[PDB]
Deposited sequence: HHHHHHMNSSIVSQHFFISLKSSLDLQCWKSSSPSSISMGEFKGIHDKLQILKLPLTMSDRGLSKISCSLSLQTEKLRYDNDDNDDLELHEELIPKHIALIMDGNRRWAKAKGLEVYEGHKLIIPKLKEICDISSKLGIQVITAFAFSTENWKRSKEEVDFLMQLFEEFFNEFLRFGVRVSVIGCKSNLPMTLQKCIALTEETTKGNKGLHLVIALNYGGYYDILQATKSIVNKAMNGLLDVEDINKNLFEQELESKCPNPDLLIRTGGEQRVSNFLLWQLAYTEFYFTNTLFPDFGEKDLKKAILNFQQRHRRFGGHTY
């Protein structure tokens, strides 16, 4: 009974403020924390992790914070070039700075043959966005004579979505909020929801093992 885990990595701001640091000090930990969580998850046999790095609503933050995050994401993709996990990105890439677009493309191509755990970064992603782009794609295929309206079913639709099957078995959200905040809407239809007040920079091996134990107990119960 080991879970695909979807991860909403909330609590970085609160963690830094409680410690007396600037806001960016918690964001900055996305790189060592995801390396830490990839190592633990590979040992337990996970398979896929999808991490919500930047929502389509995150553009409404200050330009200084958004500019920091975009530079941080560039450093992230550079650091995962030789880390050994397979890396993919979902989200609208054409709205990102060009250097980030090319770093994403390089890391996706460089790591595409890495074996084992697949880390999916949702960057400029939202559930609405994913469903709408799948809808537009399906409309375009119908208008070009490539599909019939009657062929539009769950199988066809899930092939057009950016987050692919197998869908998450378990969603973990740190930071205490009990909502999904426009993450993987279609893909969460049967996912187990696990919410913890633990802040993301404090989320470690013992916290992940607790979430998996809770997932296993719930599976036996229902």
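Asks: In sequence order, which deposited residues have no C-alpha?
Replies: No coordinates exist for the deposited residues in 1-92, 96, 316-320, so these stretches are absent from the model.
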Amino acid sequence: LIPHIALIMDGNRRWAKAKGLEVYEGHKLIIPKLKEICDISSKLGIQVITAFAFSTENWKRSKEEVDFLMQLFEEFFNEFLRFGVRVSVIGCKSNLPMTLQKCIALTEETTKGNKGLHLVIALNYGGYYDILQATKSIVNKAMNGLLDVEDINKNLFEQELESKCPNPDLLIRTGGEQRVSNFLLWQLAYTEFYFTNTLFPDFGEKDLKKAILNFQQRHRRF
From here on, numbers count along this sequence of modelled residues.
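Asks: Could you check which stretch, 63-71 or 158-166, carries the larger mean CA temperature factor in the entry?
Replies: The stretch with the larger mean CA B-factor is 63-71.
Asks: Comparing 45-53 with 189-197, which has the greater mean CA B-factor as deposited?
Replies: The stretch with the larger mean CA B-factor is 45-53.
Asks: Would you mind finding, among 110, 135, 78, 94, the residue with the largest C-alpha temperature factor in the entry?
Replies: Answer for 110, 135, 78, 94: 94, with the highest C-alpha B-factor.
Asks: Taking the Cα B-factors listed in the entry, which of 141, 102, 118, 82 comes out highest?
Replies: In the PDB entry, the greatest C-alpha B-factor among 141, 102, 118, 82 is found at 82.
Asks: Just say lowest, middle or highest third for the CA B-factor of residue 58 relative to the other modelled residues in its chain.
Replies: For residue 58, the deposited C-alpha B-factor lands in the highest third.
Asks: Please rank the C-alpha B-factors of the chain's modelled residues and tell me whether residue 149 sits in the lowest, middle or highest third.
Replies: For residue 149, the deposited C-alpha B-factor lands in the highest third.
Asks: Would you please rank residue 184 by its C-alpha temperature factor against the other modelled residues of its chain and give the third it falls in: lowest, middle or highest?
Replies: Lowest third, going by the recorded CA B-factors of the chain.
Asks: Which third, lowest, middle or highest, does the C-alpha temperature factor of residue 34 belong to within its own chain?
Replies: Residue 34: CA B-factor falls in the middle third of its chain.
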